[PDB]
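Shown here is one chain on its own, the form deposited in one PDB entry, set out as C-alpha cells.
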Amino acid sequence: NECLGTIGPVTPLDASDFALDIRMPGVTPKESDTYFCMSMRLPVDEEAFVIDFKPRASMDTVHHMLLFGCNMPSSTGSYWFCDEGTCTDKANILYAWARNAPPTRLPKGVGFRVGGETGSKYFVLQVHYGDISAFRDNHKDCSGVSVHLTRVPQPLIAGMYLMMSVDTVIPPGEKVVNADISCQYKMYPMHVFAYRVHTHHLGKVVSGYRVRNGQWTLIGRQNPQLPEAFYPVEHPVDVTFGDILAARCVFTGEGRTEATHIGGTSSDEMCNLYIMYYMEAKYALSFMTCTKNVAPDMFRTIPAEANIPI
C-alpha cells in the first residue's frame, strides 16, 4: 500500500479496540533478497488480544513478511537489516504472508494473548524484498501489516506447537534419511488450523500427523523448498489427551561431502514443523514444543505419502 505519511500508526477505535498500522518507514533496498525489520511497542501495558491481520504488501517487490511478538527487539532503529535476528529473546510467530500462498484467517473468537505481565510487549515485522528491479525508480516502500487488538478477553486463544529434530545425523551420500519427531499430548484440547514447515536445502518432504488408536490424521504435508507461510490445515483436527503428535522430515545425503547435523546455519539442517492452534481460554497455553521421538516404533505404520515427494 501507498506510503502512509504522518497520520499515526496507533488508531483507537473505541474503549476496548485499537488498530496498529505496522509499516516499513519508506525503505529502498539496494540489493536483491534484503531482510528489513522494524518494531512497534504495544501502546497499552495490560493484556490484549490480536484478533485480525490485514497484509499491506506491494505485490511487485515483497516476497514474504513475518510478524513476531517479543519483549526485546534485536535493534532499536526505525528499521534494521535482520538477516541476523528479529528478537534477542524468543520470537513468537503471529503471522506469515507469502506472495503466492493464500493467508489463513484466524477462526472466529480466536486471539493471540499479548501485553500484561507475561505477554509480548513488542511486535517485530520482517519484510523480505526479493527481485528489486521495481526499486530502479528509487521509490520508497511502506509495506507491512494492519493489526486489530482488543482488550475484550477472547473465548479462544491462539498458540504455536513447535515440533523440532535435535539428534538427526545425515551421512554424505545416504539417499534417504528420516528425521522422526513424536510426543504424547497431555493437555486440554487444541484445534489445529494452520501449519508451516522449515528445513534447509537437503529437505525433500515434511509431514505432521495426530495419531489416535493407531489411526494417522494428516495435519500438513509440504515440500520445504516452497515459500514458508502458514498453509491452512485441509481438515482442521482436535488434538486431545492421549493422542500422539508425529512428524517426519525426509532428507538426502547427496551434494554433500561430510556428515550433516542440526544447526542454525544452512550447511547444517533443521527439521521444524510449526502448528498453529487454538484452545479454550480457561485452559490456553500460548506455546508448546516437542524435541523428542517418544514412540519411534509407531512410525512403522506411517502413511506412504510421508516418504514420497510432492
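Counting begins at 1, following the sequence as shown.
The protein also exists as the form deposited with a small molecule bound; that form is not presented, and the subsequent description refers to it.
**Student:** From the list 187, 72, 93, 169, which entry has a heavy atom within 4.5 Å of the small molecule in the entry with it bound?
**Tutor:** It is 93 that has a heavy atom within 4.5 Å of the partner.
**Student:** Considering the small molecule in the entry with it bound, which of 198, 121, 139, 99 comes within 4.5 Å of it through any heavy atom?
**Tutor:** Spelling it out, the residue with a heavy atom inside the cut-off is 198.
**Student:** In the entry with it bound, is there a heavy atom of the small molecule that lies within 4.5 Å of any heavy atom of residue 202, even though the partner is absent here?
**Tutor:** Residue 202: no, not in contact with the small molecule in the entry with it bound.
**Student:** Whether residue 146 contacts the small molecule in the entry with it bound should be assessed with a 4.5 Å heavy atom distance threshold; does it?
**Tutor:** Result yes; residue 146 sits at the interface with the small molecule in the entry with it bound.
**Student:** Using a 4.5 Å heavy atom cut-off, state whether residue 164 contacts the small molecule in the entry with it bound.
**Tutor:** Residue 164 belongs to the contact set for the small molecule.
**Student:** Find out whether any non-hydrogen atom of residue 54 is located within 4.5 angstroms of the small molecule in the entry with it bound, and reply yes or no.
**Tutor:** Because a heavy atom of residue 54 falls inside 4.5 Å of the small molecule in the entry with it bound, the answer is yes.
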